[PDB]
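Chains as they are written, first to last, in PDB author numbering: chain 3H, 133 to 186; chain 3E, 29 to 120. Don't be surprised by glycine CBs; every beta carbon is placed ideally from N, CA and C. Here the structure comes first, spelled out in structure tokens, and everything after it is commentary.
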Ligand SMILES: CCCCCCCCCCCCCCCCCC(=O)OC[C@H](COP(=O)([O-])OCC(O)COP(=O)([O-])OC[C@@H](COC(=O)CCCCCCCCCCCCCCCCC)OC(=O)CCCCCCCCCCCCCCCCC)OC(=O)CCCCCCCCCCCCCCCCC
Ligand SMILES: CCCCCCCCCCCCCCCCCC(=O)OC[C@H](COP(=O)([O-])OCC(O)COP(=O)([O-])OC[C@@H](COC(=O)CCCCCCCCCCCCCCCCC)OC(=O)CCCCCCCCCCCCCCCCC)OC(=O)CCCCCCCCCCCCCCCCC
């Protein structure tokens with residue numbers, strides 16, 4: 133008894149998501165997970181010597 | 029463990045290896061500190077024309093003495109087996 137306009141509106145592809153989409157799909161917060169080396173670990177000490185000459 | 033399967037994962041000793049980040053440690057700073065005292069950057073590298081001259085004049089001198097060093101190495105290794113080392117005695 134639903135108006136056909138309302139019935140066909142539900143079957144929009146945006147209304148279908150696989151069961152469990154929200155509990156499985158990864159949601160990365162960074163491309164460098166914790167425990168991986170990055171610039172914050174390789175930066176030289178502030179008392180270092182110029183590296184341009186070499 | 030799990031090597032060779034879909035369960036493969038980094039062993040503990042690899043995890044410990046990657047836990048050593050050496051943050052704030054510089055054991056080779058002495059080398060750069062002493063190298064900078066040669067003033068190569070101030071004198072040669074900084075200016076492009078002098079940078080070229082270093083490559084050209086360095087290559088000139090370097091090539092000659094590089095050849096000179098290994099020529100002596102060859103003469104030492106083959107001592108007694110070179111034409112110059114064994115003067116020929118003419119048959120009587
Ligand atoms: C023209 C003259 C002008 C005037 C005079 C100039 C005079 C100066 C000349 C200087 C010449 C260069 C000397 C080396 C300088 C230091 C190294 C360097 O480049 O530093 C930049 C940089 C420093 O590292 P960093 O991480 O920036 O350091 C940060 C902090 O400073 C410190 O950070 P950290 O403390 O946290 O440490 C991090 C890092 C620090 O990094 C390092 O220190 C590691 C890299 C060191 C490389 C050392 C290179 C030495 C050059 C070879 C000389 C050969 C002489 C042969 C003589 C033959 C004569 C005919 O260390 C590590 O990651 C740890 C693991 C290191 C493993 C290294 C394994 C090497 C084993 C060697 C065994 C040798 C056994 C020989 C037995 C022989 C028996 C007879 O290192 C590199 O990038 C170098 C490695 C790159 C890959 C090597 C490529 C190998 C393939 C080529 C093979 C053939 C070799 C031909 C040799 C040609 C020589 C001309
Ligand atoms: C707590 C830890 C402590 C650690 C300690 C570690 C120690 C570090 C170790 C490293 C060495 C340290 C040395 C300490 C010296 C202390 C004394 C001092 O005050 O030094 C003066 C001074 C230090 O600088 P500074 O006092 O701080 O002043 C900073 C200025 O910005 C720079 O001064 P400047 O530029 O105003 O005056 C320098 C001036 C000093 O000389 C003069 O002022 C003389 C001026 C002439 C006076 C009138 C003379 C008339 C008669 C001439 C008769 C002779 C003619 C023939 C000459 C032929 C020469 C070939 O000229 C030079 O030295 C040479 C540059 C000349 C002009 C360059 C531009 C022209 C165009 C170049 C084109 C580019 C390509 C060139 C070719 C490159 C190679 C292929 O200069 C130097 O020590 C630098 C030397 C530069 C020459 C090249 C060095 C590279 C070769 C190294 C080989 C290493 C071999 C390793 C063997 C290993 C065996 C196991």
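| request: Run the CB neighbour count on residue 72 (chain 3E), radius 10 Å, all protein chains shown included, and call it buried at 16 or more, exposed below. | output: So residue 72 (chain 3E) counts as buried.
| Can you name the residues of chain 3E whose CB is closer than 9 Å to the CB of residue 142 (chain 3H)? | Per Cβ cutoff of 9 Å: no residues; residue 142 (chain 3H) is ~40 Å from chain 3E at best.
| Quick one: does residue 186 (chain 3H) have its CB under 8 Å from some CB of chain 3E? | Chain 3E places a beta carbon closer than 8 Å to that of residue 186 (chain 3H), counting this residue as a contact.
| Can you find a C-beta in chain 3H that's less than 8 Å from the C-beta of residue 54 (chain 3E)? | Contact with chain 3H is found for residue 54 (chain 3E), since one of that chain's Cβ atoms lies less than 8 Å from the residue's Cβ.
| query | Sorry if obvious, but does the Cβ on residue 72 (chain 3E) come closer than 7 Å to a heavy atom of ligand 2? | reply | Ligand 2 approaches residue 72 (chain 3E) closely enough that one of its heavy atoms is under 7 Å from the residue's Cβ.
| message | Please list, in chain order, the chain 3E residues whose beta carbon lies closer than 9 Å to that of residue 177 (chain 3H). | response | The answer, in chain order, is 52, 53, 54 and 57.
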